[PDB]
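**Student:** this one is an experimental structure. Sequence first:
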Amino acid sequence: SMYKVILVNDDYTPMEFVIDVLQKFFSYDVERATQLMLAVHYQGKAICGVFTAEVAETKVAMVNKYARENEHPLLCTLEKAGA
């Protein structure tokens, strides 16, 4: 089972932070991280990565943990993929 790992927009989470996230938990470089960041900001969400079930859960929960400790509302989610 492949799972989309999606990052969902909110008016409050700083852009730097989303970049932080993208570099820390997906190993994207600064350049790509900004693409996706703008994507979350303007399109309202962006598929960060596609992973297998177990790995995807670990990510979601990780991203959510990190966000809550840095006191931001960023919601990161799962939902199949199919593809």
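**Tutor:** Received the coordinates, thanks. Residues are numbered from 1 along each chain as shown.
**Student:** pull the longest helix from this protein.
**Tutor:** helix 53-69 (DSSP state H).
**Student:** now that one: buried residues?
**Tutor:** 56, 59-60, 63, 66-67 (16 or more other Cβ atoms under 10 Å). All C-beta spots, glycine's among them, are computed from the backbone N, C-alpha and C.
**Student:** tell me the contacts of the closest residue in space to residue 44 that isn't next to it in sequence?
**Tutor:** Nearest residue to residue 44 in three dimensions, chain neighbours excluded: residue 9, at 4.7 Å (Cβ to Cβ, 6 or more residues apart in numbering). Residues near residue 9 by Cβ atoms under 8 Å, 6 or more residues apart in numbering: 40-41, 43-45.
**Student:** okay, strands next: where are they in the chain?
**Tutor:** 2-8, 45-52, 75-81 (DSSP state E).
**Student:** sorry, back to before: give me the phi and psi angles of the residue nearest to residue 44.
**Tutor:** Dihedral angles of residue 9 (phi, psi; degrees, to the nearest 10) stand at phi -70, psi 150.
**Student:** try residue 26
**Tutor:** phi -130, psi -10.
**Student:** what about it, distance to residue 8?
**Tutor:** Counting by Cβ to Cβ, to the nearest Å, the gap between residue 26 and residue 8 amounts to 15 Å.
**Student:** okay, the two: which has more neighbours?
**Tutor:** residue 26 (17 against 14; other Cβ atoms under 10 Å).
**Student:** pretty sure the more buried one is touching residue 48, no?
**Tutor:** Yes. At 5.4 Å, residue 26 and residue 48 qualify as touching, with contact defined as Cβ atoms under 8 Å.
**Student:** tell me, what's touching these two both at once?
**Tutor:** residue 59.
**Student:** from residue 55, how far out is residue 1?
**Tutor:** 11 Å.
**Student:** thank you kindly, that will do.
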